[PDB]
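Asker: Pasting input12.cif below, which is mmCIF, N, CA and C atoms.
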data_work
#
loop_
_atom_site.label_atom_id
_atom_site.label_comp_id
_atom_site.auth_asym_id
_atom_site.auth_seq_id
_atom_site.Cartn_x
_atom_site.Cartn_y
_atom_site.Cartn_z
N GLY A 1 0.82 -1.25 0.00
CA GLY A 1 0.00 0.00 0.00
C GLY A 1 0.83 1.27 0.00
N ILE A 2 2.14 1.13 -0.10
CA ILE A 2 3.07 2.24 0.10
C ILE A 2 3.33 2.96 -1.22
N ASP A 3 3.41 4.30 -1.19
CA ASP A 3 3.75 5.09 -2.38
C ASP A 3 5.21 4.81 -2.75
N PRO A 4 5.44 4.13 -3.88
CA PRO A 4 6.79 3.73 -4.23
C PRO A 4 7.69 4.93 -4.57
N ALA A 5 7.08 6.02 -5.03
CA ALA A 5 7.85 7.21 -5.34
C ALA A 5 8.44 7.87 -4.10
N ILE A 6 7.70 7.88 -3.00
CA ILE A 6 8.25 8.44 -1.77
C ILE A 6 9.41 7.53 -1.24
N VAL A 7 9.18 6.23 -1.25
CA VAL A 7 10.20 5.28 -0.86
C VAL A 7 11.46 5.43 -1.71
N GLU A 8 11.31 5.55 -3.02
CA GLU A 8 12.46 5.60 -3.91
C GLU A 8 13.30 6.86 -3.68
N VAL A 9 12.63 7.99 -3.50
CA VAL A 9 13.33 9.21 -3.20
C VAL A 9 14.06 9.11 -1.86
N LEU A 10 13.43 8.54 -0.81
CA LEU A 10 14.13 8.34 0.45
C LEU A 10 15.38 7.47 0.30
N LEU A 11 15.27 6.40 -0.47
CA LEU A 11 16.43 5.54 -0.76
C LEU A 11 17.54 6.26 -1.49
N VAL A 12 17.19 7.05 -2.51
CA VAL A 12 18.20 7.79 -3.27
C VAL A 12 18.89 8.84 -2.38
N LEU A 13 18.11 9.57 -1.58
CA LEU A 13 18.67 10.59 -0.70
C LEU A 13 19.55 9.98 0.39
N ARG A 14 19.18 8.82 0.90
CA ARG A 14 20.04 8.14 1.84
C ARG A 14 21.40 7.79 1.23
N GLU A 15 21.39 7.21 0.03
CA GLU A 15 22.61 6.92 -0.73
C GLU A 15 23.47 8.17 -0.91
N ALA A 16 22.84 9.27 -1.33
CA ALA A 16 23.55 10.53 -1.55
C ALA A 16 24.32 11.01 -0.31
N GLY A 17 23.77 10.76 0.87
CA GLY A 17 24.33 11.24 2.12
C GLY A 17 25.28 10.32 2.84
N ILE A 18 25.56 9.14 2.27
CA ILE A 18 26.40 8.17 2.97
C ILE A 18 27.84 8.70 3.13
N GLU A 19 28.37 9.39 2.13
CA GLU A 19 29.70 9.99 2.28
C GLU A 19 29.59 11.32 3.03
N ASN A 20 30.19 11.38 4.22
CA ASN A 20 30.13 12.58 5.07
C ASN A 20 30.74 13.80 4.36
N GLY A 21 30.07 14.94 4.49
CA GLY A 21 30.48 16.16 3.79
C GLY A 21 30.25 16.21 2.28
N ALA A 22 29.59 15.21 1.70
CA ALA A 22 29.33 15.19 0.26
C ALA A 22 28.37 16.32 -0.12
N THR A 23 28.56 16.88 -1.32
CA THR A 23 27.65 17.89 -1.86
C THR A 23 26.28 17.31 -2.11
N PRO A 24 25.20 17.99 -1.66
CA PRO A 24 23.88 17.40 -1.93
C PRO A 24 23.62 17.30 -3.41
N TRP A 25 22.90 16.26 -3.82
CA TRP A 25 22.67 16.06 -5.24
C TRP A 25 21.69 17.06 -5.80
N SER A 26 21.92 17.43 -7.05
CA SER A 26 21.01 18.29 -7.76
C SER A 26 19.69 17.59 -8.08
N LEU A 27 18.64 18.39 -8.24
CA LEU A 27 17.31 17.76 -8.48
C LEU A 27 17.30 16.82 -9.68
N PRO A 28 17.89 17.22 -10.83
CA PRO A 28 17.83 16.26 -11.95
C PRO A 28 18.55 14.92 -11.70
N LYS A 29 19.63 14.95 -10.94
CA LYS A 29 20.33 13.75 -10.57
C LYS A 29 19.49 12.86 -9.66
N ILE A 30 18.81 13.47 -8.69
CA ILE A 30 17.90 12.70 -7.83
C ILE A 30 16.79 12.06 -8.69
N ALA A 31 16.20 12.86 -9.59
CA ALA A 31 15.13 12.38 -10.49
C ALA A 31 15.61 11.24 -11.36
N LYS A 32 16.82 11.39 -11.92
CA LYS A 32 17.39 10.32 -12.73
C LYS A 32 17.62 9.06 -11.92
N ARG A 33 18.22 9.16 -10.74
CA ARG A 33 18.57 7.96 -9.99
C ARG A 33 17.32 7.28 -9.39
N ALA A 34 16.28 8.08 -9.08
CA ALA A 34 14.97 7.58 -8.60
C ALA A 34 14.07 7.09 -9.72
N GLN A 35 14.46 7.38 -10.96
CA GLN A 35 13.67 7.07 -12.14
C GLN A 35 12.29 7.72 -12.14
N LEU A 36 12.24 8.98 -11.77
CA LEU A 36 11.00 9.74 -11.63
C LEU A 36 11.08 10.94 -12.55
N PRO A 37 9.97 11.30 -13.20
CA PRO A 37 9.89 12.60 -13.85
C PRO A 37 10.09 13.73 -12.83
N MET A 38 10.63 14.86 -13.28
CA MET A 38 10.86 15.99 -12.39
C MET A 38 9.59 16.45 -11.64
N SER A 39 8.43 16.41 -12.31
CA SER A 39 7.20 16.86 -11.64
C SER A 39 6.88 15.97 -10.43
N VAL A 40 7.08 14.67 -10.56
CA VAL A 40 6.84 13.74 -9.46
C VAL A 40 7.86 13.94 -8.34
N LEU A 41 9.11 14.14 -8.72
CA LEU A 41 10.16 14.38 -7.71
C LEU A 41 9.80 15.61 -6.89
N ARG A 42 9.41 16.69 -7.55
CA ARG A 42 9.07 17.93 -6.84
C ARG A 42 7.92 17.75 -5.85
N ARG A 43 6.93 16.94 -6.23
CA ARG A 43 5.81 16.65 -5.37
C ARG A 43 6.28 15.91 -4.12
N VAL A 44 7.05 14.86 -4.35
CA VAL A 44 7.60 14.06 -3.26
C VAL A 44 8.48 14.90 -2.32
N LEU A 45 9.34 15.74 -2.90
CA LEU A 45 10.20 16.58 -2.05
C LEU A 45 9.41 17.58 -1.27
N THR A 46 8.38 18.18 -1.87
CA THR A 46 7.54 19.08 -1.11
C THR A 46 6.97 18.38 0.11
N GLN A 47 6.52 17.14 -0.08
CA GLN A 47 5.96 16.37 1.02
C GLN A 47 7.01 15.98 2.05
N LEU A 48 8.19 15.57 1.61
CA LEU A 48 9.27 15.26 2.57
C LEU A 48 9.78 16.49 3.31
N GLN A 49 9.81 17.65 2.63
CA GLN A 49 10.20 18.91 3.25
C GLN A 49 9.16 19.30 4.32
N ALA A 50 7.88 19.18 3.97
CA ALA A 50 6.81 19.42 4.94
C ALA A 50 6.91 18.57 6.17
N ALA A 51 7.35 17.34 5.98
CA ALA A 51 7.49 16.39 7.07
C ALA A 51 8.76 16.57 7.91
N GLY A 52 9.64 17.46 7.50
CA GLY A 52 10.89 17.72 8.22
C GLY A 52 12.02 16.72 7.93
N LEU A 53 11.84 15.90 6.88
CA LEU A 53 12.76 14.82 6.54
C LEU A 53 13.76 15.19 5.43
N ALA A 54 13.45 16.24 4.65
CA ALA A 54 14.33 16.63 3.56
C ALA A 54 14.45 18.12 3.54
N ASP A 55 15.62 18.59 3.13
CA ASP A 55 15.92 19.99 2.86
C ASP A 55 15.90 20.14 1.37
N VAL A 56 15.14 21.10 0.89
CA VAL A 56 15.08 21.35 -0.55
C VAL A 56 15.55 22.78 -0.69
N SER A 57 16.68 22.98 -1.38
CA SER A 57 17.29 24.31 -1.51
C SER A 57 17.28 24.72 -2.99
N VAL A 58 16.49 25.73 -3.33
CA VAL A 58 16.40 26.26 -4.70
C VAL A 58 16.79 27.75 -4.77
N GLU A 59 17.29 28.15 -5.93
CA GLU A 59 17.65 29.53 -6.23
C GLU A 59 16.52 30.17 -7.01
N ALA A 60 16.74 31.41 -7.45
CA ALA A 60 15.68 32.22 -8.04
C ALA A 60 15.09 31.57 -9.28
N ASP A 61 15.89 30.82 -10.04
CA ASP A 61 15.36 30.10 -11.18
C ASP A 61 14.66 28.78 -10.88
N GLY A 62 14.56 28.41 -9.61
CA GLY A 62 13.80 27.25 -9.23
C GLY A 62 14.66 26.00 -9.30
N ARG A 63 15.93 26.14 -9.70
CA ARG A 63 16.85 24.98 -9.71
C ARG A 63 17.61 24.88 -8.38
N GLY A 64 18.05 23.67 -8.04
CA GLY A 64 18.85 23.50 -6.85
C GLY A 64 19.13 22.07 -6.47
N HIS A 65 19.03 21.75 -5.19
CA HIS A 65 19.46 20.45 -4.70
C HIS A 65 18.59 20.05 -3.50
N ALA A 66 18.71 18.82 -3.08
CA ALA A 66 17.97 18.33 -1.93
C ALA A 66 18.77 17.25 -1.23
N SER A 67 18.44 17.06 0.02
CA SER A 67 19.15 16.13 0.90
C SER A 67 18.24 15.79 2.09
N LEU A 68 18.60 14.74 2.82
CA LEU A 68 17.91 14.45 4.08
C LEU A 68 18.38 15.41 5.15
N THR A 69 17.44 15.83 6.00
CA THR A 69 17.76 16.55 7.20
C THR A 69 18.45 15.57 8.17
N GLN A 70 18.95 16.05 9.30
CA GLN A 70 19.50 15.13 10.28
C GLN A 70 18.43 14.10 10.71
N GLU A 71 17.20 14.56 10.87
CA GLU A 71 16.07 13.67 11.17
C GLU A 71 15.83 12.63 10.10
N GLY A 72 15.77 13.08 8.85
CA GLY A 72 15.56 12.14 7.78
C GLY A 72 16.68 11.13 7.64
N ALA A 73 17.92 11.57 7.81
CA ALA A 73 19.10 10.71 7.60
C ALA A 73 19.12 9.62 8.62
N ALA A 74 18.89 9.99 9.87
CA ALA A 74 18.89 9.01 10.95
C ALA A 74 17.75 8.03 10.78
N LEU A 75 16.56 8.50 10.39
CA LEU A 75 15.41 7.61 10.18
C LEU A 75 15.62 6.70 8.98
N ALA A 76 16.17 7.23 7.90
CA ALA A 76 16.39 6.44 6.70
C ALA A 76 17.31 5.22 6.94
N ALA A 77 18.31 5.41 7.78
CA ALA A 77 19.22 4.33 8.19
C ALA A 77 18.53 3.18 8.93
N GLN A 78 17.47 3.51 9.66
CA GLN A 78 16.70 2.55 10.39
C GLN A 78 15.60 1.93 9.54
N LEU A 79 14.95 2.74 8.73
CA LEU A 79 13.84 2.28 7.92
C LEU A 79 14.36 1.27 6.86
N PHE A 80 15.57 1.51 6.36
CA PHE A 80 16.20 0.66 5.33
C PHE A 80 17.53 0.17 5.89
N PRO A 81 17.49 -0.80 6.82
CA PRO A 81 18.71 -1.23 7.52
C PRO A 81 19.76 -1.98 6.68
#
Take the structure in the file and give it back as structure tokens.
Answerer:
Amino acid sequence: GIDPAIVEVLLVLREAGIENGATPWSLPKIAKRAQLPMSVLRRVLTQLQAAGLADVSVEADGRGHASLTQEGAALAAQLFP
């Protein structure tokens, strides 16, 4: 019964953050690795950002990057052991 798009984005963001101090991935890279159209990725990130699990950082042109918050990162490690 689980939304596979939310799960896939959580998995991709967890992978992105495994190397400490790594640059957060850009939105198109997240979309590519999650195999999601950009519109779906944006929806999922809005929901994860609302939930306090992801940071979504965009500039004036609407482009940018996203990553797990400290909350999301710690939870993702447990949810997907």
Asker: Name the residues that the PyMOL selection byres ((chain A and resi 40-57) around 7) picks from the file above, as an MDAnalysis selection string, using the file's chain letters and numbers.
Answerer: chainID A and resid 5:6 31 36:39 58:59 62:73
Asker: So how many Å separate atom N of residue 20 of chain A and atom C of residue 2 of chain A, to one decimal?
Answerer: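 These two atoms are separated by 28.7 Å.
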Asker: From a DSSP pass on the backbone, collect the residues of chain A flagged as alpha helix (DSSP H) and hand them back as a PyMOL selection string.
Answerer: chain A and resi 4-16+27-34+38-50+70-79
Asker: Per DSSP on the backbone, what are the strand (DSSP E) residues of chain A, as a list in words?
Answerer: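 Matching residues for strand (DSSP E) in chain A are residues 25, 26, 54, 55, 56, 57, 58, 64, 65, 66, 67 and 68 of chain A.
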Asker: Those selected residues, please, written with N, CA and C atoms and delivered as a short mmCIF file (atom, residue, chain, number, x, y, z; two decimals), keeping the file's coordinate frame.
Answerer:
data_model
loop_
_atom_site.label_atom_id
_atom_site.label_comp_id
_atom_site.auth_asym_id
_atom_site.auth_seq_id
_atom_site.Cartn_x
_atom_site.Cartn_y
_atom_site.Cartn_z
N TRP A 25 22.90 16.26 -3.82
CA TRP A 25 22.67 16.06 -5.24
C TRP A 25 21.69 17.06 -5.80
N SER A 26 21.92 17.43 -7.05
CA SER A 26 21.01 18.29 -7.76
C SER A 26 19.69 17.59 -8.08
N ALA A 54 13.45 16.24 4.65
CA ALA A 54 14.33 16.63 3.56
C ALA A 54 14.45 18.12 3.54
N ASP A 55 15.62 18.59 3.13
CA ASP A 55 15.92 19.99 2.86
C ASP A 55 15.90 20.14 1.37
N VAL A 56 15.14 21.10 0.89
CA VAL A 56 15.08 21.35 -0.55
C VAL A 56 15.55 22.78 -0.69
N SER A 57 16.68 22.98 -1.38
CA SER A 57 17.29 24.31 -1.51
C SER A 57 17.28 24.72 -2.99
N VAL A 58 16.49 25.73 -3.33
CA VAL A 58 16.40 26.26 -4.70
C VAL A 58 16.79 27.75 -4.77
N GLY A 64 18.05 23.67 -8.04
CA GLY A 64 18.85 23.50 -6.85
C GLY A 64 19.13 22.07 -6.47
N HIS A 65 19.03 21.75 -5.19
CA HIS A 65 19.46 20.45 -4.70
C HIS A 65 18.59 20.05 -3.50
N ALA A 66 18.71 18.82 -3.08
CA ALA A 66 17.97 18.33 -1.93
C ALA A 66 18.77 17.25 -1.23
N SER A 67 18.44 17.06 0.02
CA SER A 67 19.15 16.13 0.90
C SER A 67 18.24 15.79 2.09
N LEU A 68 18.60 14.74 2.82
CA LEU A 68 17.91 14.45 4.08
C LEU A 68 18.38 15.41 5.15
#
Asker: For the file shown, what are the residues hit by the PyMOL selection byres ((chain A and resi 13) around 8), laid out as a ChimeraX atom specification?
Answerer: /A:7-12,14-18,25,30,34,66-68,72-73,76
